[PDB]
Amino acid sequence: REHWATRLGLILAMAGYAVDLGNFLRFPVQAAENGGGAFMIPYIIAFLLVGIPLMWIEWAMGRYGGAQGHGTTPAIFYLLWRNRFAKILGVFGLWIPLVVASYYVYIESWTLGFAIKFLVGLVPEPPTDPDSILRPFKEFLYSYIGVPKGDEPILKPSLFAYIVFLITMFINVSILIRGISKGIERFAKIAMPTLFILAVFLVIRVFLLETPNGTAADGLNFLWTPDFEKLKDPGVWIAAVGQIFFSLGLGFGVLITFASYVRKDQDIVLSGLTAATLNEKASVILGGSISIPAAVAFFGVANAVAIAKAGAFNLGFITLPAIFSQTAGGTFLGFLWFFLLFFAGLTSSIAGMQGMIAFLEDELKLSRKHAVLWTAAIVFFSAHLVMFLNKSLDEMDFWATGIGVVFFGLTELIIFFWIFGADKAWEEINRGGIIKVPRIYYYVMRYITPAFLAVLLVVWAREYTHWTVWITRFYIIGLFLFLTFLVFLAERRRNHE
């Protein structure tokens, strides 16, 4: 079985997964809409009571399963809980990242395409007024995606967009086919430093932006000036718990897969805490210093609220590209921005596709080449639904991350810390640990963490159709059936040998 070569490589690979577009787009918009600097109060709380405890647990389950040659939850859940229902629940940890894969790598290709378009100058050049600058780029994105101009729910992606998606798929395979250390880990050691440099250069250049409408200081001001009156709102405390779950990539089964390549007695306590901390520093320092400040700098603090409400997606793919066409040397600026997002996405996507590669290797005994190619085949095939059927993406993302990760997140806790045994679980986490987990976390993991998660489930249920969503529901239901069949074939192949 493969292992991580260096402790640094392991941390950078784990961080590479956590850090993505959300760090530079989603988190800054979440903060502005939920109290500005005051949003850090429930965010740090959520980080301590939910994020950190669960990540350690997934790291432990990963290393525990990896010692016995299993990197995926269908096999690991069965080791923690000798039951048939444990194998079936495990299918979800194979299903969720695979559902995400169908739209994630595609959106990832958008950044690459946009980076190429910016570098070679194939971008709009307005013209005055805000809508006179934004609309030419609003149409640039819609022509790239193929946003329906009629009543039909049909997307018609450009040939360029489709080809870049092909190229993006290829790049992912290239890294994945070289394995864990010589592939994922090797790339982690290049991308993360490259990422940091790209970010810092943008942070510096954004801080020098000055327009008749405002400055970069106005951006950092609007974003971080606290509004504690919003702390009364339970929705803010829910968004904080949700964002942390989103930020670290919990409940995807990815961390478990990666942790399985950590050797039996190697540290996971300090290693996990370090990687988690990098992701957070990236969000508050790098992520919060670029997108929102640059936007507020150009349009003024008067439109700062309007900008935040327009969402993280509009900000990154419409607003900032418009601003770049109006700034000095913006054409190279746009390339760096989208190059930055691409590498951030590429280090997450190769991790999310590893779980399927691991299953095909560990349980069906396929070669790494075959495992990678068939995984790529499944993801590439599935993506045509996301590329051509409008709002299919929303439907996949809703089941997969809206409730799926949290439900699966709660499933991990109960299976590992309650069914497998809290005492056995606790010894598993701290074993080989450079530092020991604070004893107070024993109660947090066992009661506080699953309670917070269970609350998130209940609010989802109480809170929550055009016929085309049934197409997406049809297929993702089919995937779960197909993966169930593979798990079935796995346990049958094992009885023979």
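Start at 1 and count along the sequence shown; that's the residue number.
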Practice task
Between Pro127 and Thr128, determine how many residues of the deposited chain lack coordinates; answer none if the chain runs continuously, otherwise 1 to 3, 4 to 9, or 10 or more.
Solution key: 1 to 3
Exercise for the section: Give the stretch, out of 236-244 and 379-387, with the larger mean C-alpha temperature factor in the deposited entry. Expected result: 236-244
Problem - Of 465-473 and 425-433, the one with larger mean CA B-factor - result: 425-433
Exercise for the section: Could you say which of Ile133, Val91, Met356, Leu336 has its CA atom at the highest B factor, as listed in the PDB entry? Expected result: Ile133
Practice task
Report the option among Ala322, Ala295, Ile419, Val200 whose CA atom has the maximum B-factor in the deposited record.
Solution key: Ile419
Problem - Third of the chain's Cα B-factor distribution that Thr73 belongs to, per the entry - result: middle
Exercise for the section: Select lowest, middle or highest to describe the third in which the CA B-factor of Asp218 falls within its chain in this entry. Expected result: middle
Practice task
Using the B-factor values recorded in the entry, state whether the Cα atom of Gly288 falls in the lowest, middle or highest third among the modelled residues of its chain.
Solution key: middle
Exercise for the section: Can you work out whether the C-alpha temperature factor of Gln326 puts it in the lowest, middle or highest third of the chain? Expected result: middle
Handout entry: CA B-factor ranking of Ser174, expressed as a third of its chain
Key = lowest
